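Chains as they are written, first to last, in the entry's author numbering: chain W, 2 to 78; chain T, 2 to 104; chain S, 1 to 94; chain X, 2 to 63; chain c, 1 to 46; chain B, 1 to 27. By construction, the Cβ of each residue, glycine as well, lies at the ideal position given by its N, Cα and C atoms.
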RNA sequence: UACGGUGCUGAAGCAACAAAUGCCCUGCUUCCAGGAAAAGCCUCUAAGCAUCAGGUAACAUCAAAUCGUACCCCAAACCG
RNA sequence: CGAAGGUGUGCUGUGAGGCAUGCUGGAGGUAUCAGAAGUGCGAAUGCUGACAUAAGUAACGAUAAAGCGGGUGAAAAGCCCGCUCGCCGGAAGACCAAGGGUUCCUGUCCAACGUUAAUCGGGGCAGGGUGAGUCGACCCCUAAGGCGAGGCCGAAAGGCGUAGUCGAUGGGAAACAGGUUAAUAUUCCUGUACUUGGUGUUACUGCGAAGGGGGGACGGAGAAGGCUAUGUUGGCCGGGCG
RNA sequence: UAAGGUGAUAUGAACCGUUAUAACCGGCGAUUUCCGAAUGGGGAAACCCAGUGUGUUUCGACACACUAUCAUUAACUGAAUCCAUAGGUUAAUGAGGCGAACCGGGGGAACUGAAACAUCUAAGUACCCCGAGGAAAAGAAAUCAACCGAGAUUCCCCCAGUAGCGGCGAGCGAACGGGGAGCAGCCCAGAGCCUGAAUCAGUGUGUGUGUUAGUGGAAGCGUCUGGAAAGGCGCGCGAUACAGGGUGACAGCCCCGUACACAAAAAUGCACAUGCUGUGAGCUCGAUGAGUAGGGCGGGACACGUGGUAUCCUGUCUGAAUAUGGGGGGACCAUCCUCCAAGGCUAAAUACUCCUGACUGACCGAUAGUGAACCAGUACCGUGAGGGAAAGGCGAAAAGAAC
Ligand SMILES: [Mg+2]
Ligand SMILES: [Mg+2]
Ligand SMILES: [Mg+2]
Ligand SMILES: [Mg+2]
Ligand SMILES: [Mg+2]
Ligand SMILES: [Mg+2]
Ligand SMILES: [Mg+2]
Ligand SMILES: [Mg+2]
Ligand SMILES: [Mg+2]
Ligand SMILES: [Mg+2]
Ligand SMILES: [Mg+2]
Ligand SMILES: [Mg+2]
Ligand SMILES: [Mg+2]
Ligand SMILES: [Mg+2]
Ligand SMILES: [Mg+2]
Ligand SMILES: [Mg+2]
Ligand SMILES: [Mg+2]
Ligand SMILES: [Mg+2]
Ligand SMILES: [Mg+2]
Ligand SMILES: [Mg+2]
Ligand SMILES: [Mg+2]
Ligand SMILES: [Mg+2]
Ligand SMILES: [Mg+2]
Ligand SMILES: [Mg+2]
Ligand SMILES: [Mg+2]
Ligand SMILES: [Mg+2]
Ligand SMILES: [Mg+2]
Ligand SMILES: [Mg+2]
Ligand SMILES: [Mg+2]
Ligand SMILES: [Mg+2]
Ligand SMILES: [Mg+2]
Ligand SMILES: [Mg+2]
Ligand SMILES: [Mg+2]
Ligand SMILES: [Mg+2]
Ligand SMILES: [Mg+2]
Ligand SMILES: [Mg+2]
Ligand SMILES: [Mg+2]
Ligand SMILES: [Mg+2]
Ligand SMILES: [Mg+2]
Ligand SMILES: [Mg+2]
Ligand SMILES: [Mg+2]
Ligand SMILES: [Mg+2]
Ligand SMILES: [Mg+2]
Ligand SMILES: [Mg+2]
Ligand SMILES: [Mg+2]
Ligand SMILES: [Mg+2]
Ligand SMILES: [Mg+2]
Ligand SMILES: [Mg+2]
Ligand SMILES: [Mg+2]
Ligand SMILES: [Mg+2]
Ligand SMILES: [Mg+2]
Ligand SMILES: [Mg+2]
Ligand SMILES: [Mg+2]
Ligand SMILES: [Mg+2]
Ligand SMILES: [Mg+2]
Ligand SMILES: [Mg+2]
Ligand SMILES: [Mg+2]
Ligand SMILES: [Mg+2]
Ligand SMILES: [Mg+2]
Ligand SMILES: [Mg+2]
Ligand SMILES: [Mg+2]
Ligand SMILES: [Mg+2]
Ligand SMILES: [Mg+2]
């Protein structure tokens, strides 16, 4: 499932509007990527299917804070 | 909480026997009684070899509505409506006239 | 050992018939209407206890119920079970 | 008869239940033939068995 | 001529039976409709 | 029987008719 | 003899020939298009067991449950 | 001391209509003045039910074929018994699977069903009838394929699929002859067998698997040879002498 | 509570009971086969096959319990790999499924209308899915206003078919403000001080009020017609009861009831009160929700279709200040006013009716009214999803026609 584990981003639905304003339903997918994050405390790598916004979030808050949030959310990693 | 019971002597208020008296033989669950000797019909009884009935025109008693009968008050010689009271913590019947307990 | 209460609920009735009279007088076999869940061992123990008689073998069959019409309304009778109980020779039963 | 049967033991109730069931068997075979001409005894027995099983579930496990 | 109904109870029950209905989501919605309508015979299954 | 009549109507029209019986296109 | 039946008794009961599309044959020969699986069965040991467990050999004994079995089935009983 | 409704008659109004009354019917009806409408039917190849018409017409479902006597019976072309005749006979005979689900047998009935009658019936009603260690299923095994712990994926539902687990149409132990019932029989009976599990003694002593190997285990066509089923003839026995 | 009962078609048989364990009604209990979430494994629903343990055994074997999956927690164990971790196993607690409408959310049509049609409309409708509750949702101003001021949310009447939006077409369509229903405010981002202080929750008890069986309950005779009186004609009586229904024709006074008066061993609801348990109250000084606001691109929502378009949401790329600061006031700037986002909770008024009880109807009266007044979601049809009927009335009483 195209879900960022960190931010909870999700494929949303919208429209392709043409020049003649013809509306067709499309989707807006998140830029998800699987990345191994070095956790220094547990001294191991943890793979997360995370968006690039979430990678900026981990670079700002730190990965320990985020894995605390995922445990408080009740999400496996 | 039934006013007219089994062994009671009643008089007939309405019908082809308006004024006759008799004893109740049994009361039915449909709100009807069979009074001894009153609502006589002649049933054409079919013979049965089993049960040893030759089969004939048997005259017997039909049921009648309780509303059509009333308890004969042998004191006054008339019909009286029936009320309920408690005597000794026990629900008894009494005549509405003269407030006398039905026995 | 089968419990006596079950052995008392196994047997329902004797089945009277021309075939039953023949099997009783020739092969010394009684014909019983039994409970539907009753097995052959339960039957053999019941006859050996409640009638005090020695059973050689038990043959069973299931009787399918007939489809009847009471008036014009359809209906179906119950399936019941029938046991041919072969007694040993010399044994006798009412 | 629940009042009478309450003043009994567990083994006495089991004895009565087993005598009831023997009577129920002998009635059922008697009515299987045309011998039984008191049909109400089957009902009386079926209730009395129910009273015994009831009191056994009261005295045991309750 | 060969007509379109050539019966087979095994194929009837594997295709339209109770457990085939209860297996999937949409089949369970069928039994809810037939119970709501008040069908006596809810399925094929005898 | 109007239920055997149901058969009658339900499928003496679902017999569907065969068709016109003159190979004529009035063309 | 209920004319339906039931009971008793009971001869000979061999050979030759022909002979299958059936059996030997899951064979044989041959061809190319190159022709299921798994268990039962047999056997081998592993940890384990060490004279116990288990194994086969004989004999004895017990058990083998439950369900179907009627009837039509190229058809008046199935699909029409 | 007879309502509505139904059916007639008489009278009356320009009309939609109104009034009275006879019969039926056997218990509700309602002036006036206002009010509200599911408010007026001949048509919609209108909807539902009933009855006509054609018409006592067509047809009565393979051109395999019937005839007679007797019986039963209210009644016999159709039922039963009998003698003839004809038809199938690689089926129009017999056994099953699938499927149906008591149509089986016996007694009784003939309203309806049966393209006629029906005493008959697969029809109505009642009763009876299906007996397995060896047949089959269940069961052990798997195929195609299905489901699918976890798992991977996916807006959600859900999709695929590992371990596994289901799944025969295929693999896997074992019974034959004779007799018998109105109806069951490789199921009952008689006779003679067989198989797999148990426990238990006695002798003997390497047992052990979720593992290894073997086996199971496999195509088409063709050619003969050896047989049997089975049949024919002879012999034999019993009967016959037209 | 009771003198009559053993449900109906539907008689009969055999019985029970009549002063109180007959029956009947209610409360609490007991039992509660098999399938089905179905949960020991499987499975063509109502079937097949087990395992472990504890008991019995007349050794043939019987009975009972347990054994699903997932989540969370705890214990033990435990790889590659040293620790470790993954994994494994036990145990405990919970969930799972069904169900009418209402509710919130994730997705999301077309016919149609535009007299064609593509923007638009239909319409965020139908439908599908997820989750919850008796209501939900929202909700305590980074709001409106306009230099006067108001003071959470929700609902109704106006404003107003206005302002606007719009192939400026068809059509869509507010708000400010006003009148009402109802009203309620709080907490954490943090330390102390006083300490148990408000309130809430649970659990007891007590009281009250209901509910789940029930009790009493007034008062009419004569005559006529007639099959039968409740009708007619006389003469009375009741009424806090002339609501209604039944009774052989239309009954205030025949019956059931009604008005009114009461009633609960037991269970339970709602209130209070109180006990216990938990919960913290208040004061001071602080702190004041960052990948956020905002921006670029693409879309969506706001009545507002990108237009000069504010505001809200965010798929993508970025990216502040932080109380001397920031947001809004419909492009935008300046001044002024007003408010304090990036954390939460919260009753009421509001919406609905599978179901229960009472009552009502210028609603129907058997081709109507529910499809169904009657054994109807039946018969029947269809492989299936699904479709889906017809069919009421003897009489007061069977006295249902002996012969
Ligand atoms: Mg569109
Ligand atoms: Mg045998
Ligand atoms: Mg059998
Ligand atoms: Mg047979
Ligand atoms: Mg044939
Ligand atoms: Mg008249
Ligand atoms: Mg009228
Ligand atoms: Mg008239
Ligand atoms: Mg008239
Ligand atoms: Mg009127
Ligand atoms: Mg009209
Ligand atoms: Mg007309
Ligand atoms: Mg016209
Ligand atoms: Mg017409
Ligand atoms: Mg004609
Ligand atoms: Mg003509
Ligand atoms: Mg002619
Ligand atoms: Mg002709
Ligand atoms: Mg013919
Ligand atoms: Mg003749
Ligand atoms: Mg003929
Ligand atoms: Mg003949
Ligand atoms: Mg010929
Ligand atoms: Mg039949
Ligand atoms: Mg026959
Ligand atoms: Mg017959
Ligand atoms: Mg005739
Ligand atoms: Mg005929
Ligand atoms: Mg028949
Ligand atoms: Mg097998
Ligand atoms: Mg497979
Ligand atoms: Mg799968
Ligand atoms: Mg999974
Ligand atoms: Mg298997
Ligand atoms: Mg097979
Ligand atoms: Mg036969
Ligand atoms: Mg192998
Ligand atoms: Mg081959
Ligand atoms: Mg030979
Ligand atoms: Mg001659
Ligand atoms: Mg009864
Ligand atoms: Mg299961
Ligand atoms: Mg299970
Ligand atoms: Mg299994
Ligand atoms: Mg359109
Ligand atoms: Mg248009
Ligand atoms: Mg809320
Ligand atoms: Mg101010
Ligand atoms: Mg009362
Ligand atoms: Mg009264
Ligand atoms: Mg009366
Ligand atoms: Mg009348
Ligand atoms: Mg803030
Ligand atoms: Mg932004
Ligand atoms: Mg902007
Ligand atoms: Mg944007
Ligand atoms: Mg941004
Ligand atoms: Mg902003
Ligand atoms: Mg401005
Ligand atoms: Mg806030
Ligand atoms: Mg109707
Ligand atoms: Mg009518
Ligand atoms: Mg069907």
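8 Å Cβ cutoff, residue i in contact with chain S
| i | result |
| --- | --- |
| residue 6 of chain X | no |
| residue 19 of chain X | yes |
| residue 48 of chain X | no |
| residue 57 of chain X | no |
| residue 37 of chain X | no |
| residue 52 of chain X | no |
Buried versus exposed call for residue i [16 or more other C-beta atoms within 10 Å across all chains shown]
| i | result |
| --- | --- |
| residue 96 of chain T | buried |
| residue 42 of chain S | buried |
| residue 46 of chain S | buried |
| residue 29 of chain S | buried |
| residue 10 of chain S | buried |
| residue 32 of chain S | buried |
| residue 37 of chain W | exposed |
| residue 7 of chain c | exposed |
| residue 26 of chain c | exposed |
Residue i, enclosing beta strand (DSSP E) - first and last residue
| i | result |
| --- | --- |
| residue 130 of chain S | Coverage of chain S is limited to positions 1 through 94, which leaves residue 130 of chain S absent and any answer about it impossible. |
| residue 25 of chain W | 24 to 29 |
Beta-carbon separation (whole angstroms), residue i vs residue j, contact threshold 8 Å
| i | j | result |
| --- | --- | --- |
| residue 40 of chain W | residue 5 of chain W | At roughly 18 Å, the Cβ-Cβ gap does not stay under 8 Å, so residue 40 of chain W and residue 5 of chain W are not in contact. |
| residue 93 of chain T | residue 82 of chain T | Rounded, the Cβ-Cβ distance is 15 Å, inconsistent with contact. |
| residue 58 of chain S | residue 83 of chain S | 6 Å |
According to DSSP, residues forming a beta bridge with residue i
| i | result |
| --- | --- |
| residue 84 of chain S | S:31 and S:59 |
| residue 35 of chain W | W:50 |
| residue 10 of chain T | T:24 |
| residue 12 of chain X | Beta-bridge pairing links residue 12 of chain X to no other residue. |
| residue 14 of chain S | S:32 |
Minimum Cβ-Cβ distance from residue i to chain X less than 8 Å
| i | result |
| --- | --- |
| residue 45 of chain S | no |
| residue 87 of chain S | no |
| residue 50 of chain S | yes |
| residue 12 of chain S | yes |
| residue 8 of chain S | yes |
| residue 18 of chain S | no |
| residue 42 of chain S | no |
| residue 5 of chain S | yes |
Delimiting residues of the alpha helix (DSSP H) encompassing residue i
| i | result |
| --- | --- |
| residue 41 of chain X | 41 to 60 |
| residue 12 of chain B | 4 to 12 |
| residue 72 of chain W | 64 to 74 |
| residue 51 of chain c | No statement about residue 51 of chain c is possible, as the shown extent of chain c runs from 1 to 46 and does not include it. |
| residue 7 of chain X | 3 to 7 |
| residue 54 of chain S | Careful: residue 54 of chain S lies outside any alpha helix (DSSP H) and carries neither H nor E. |
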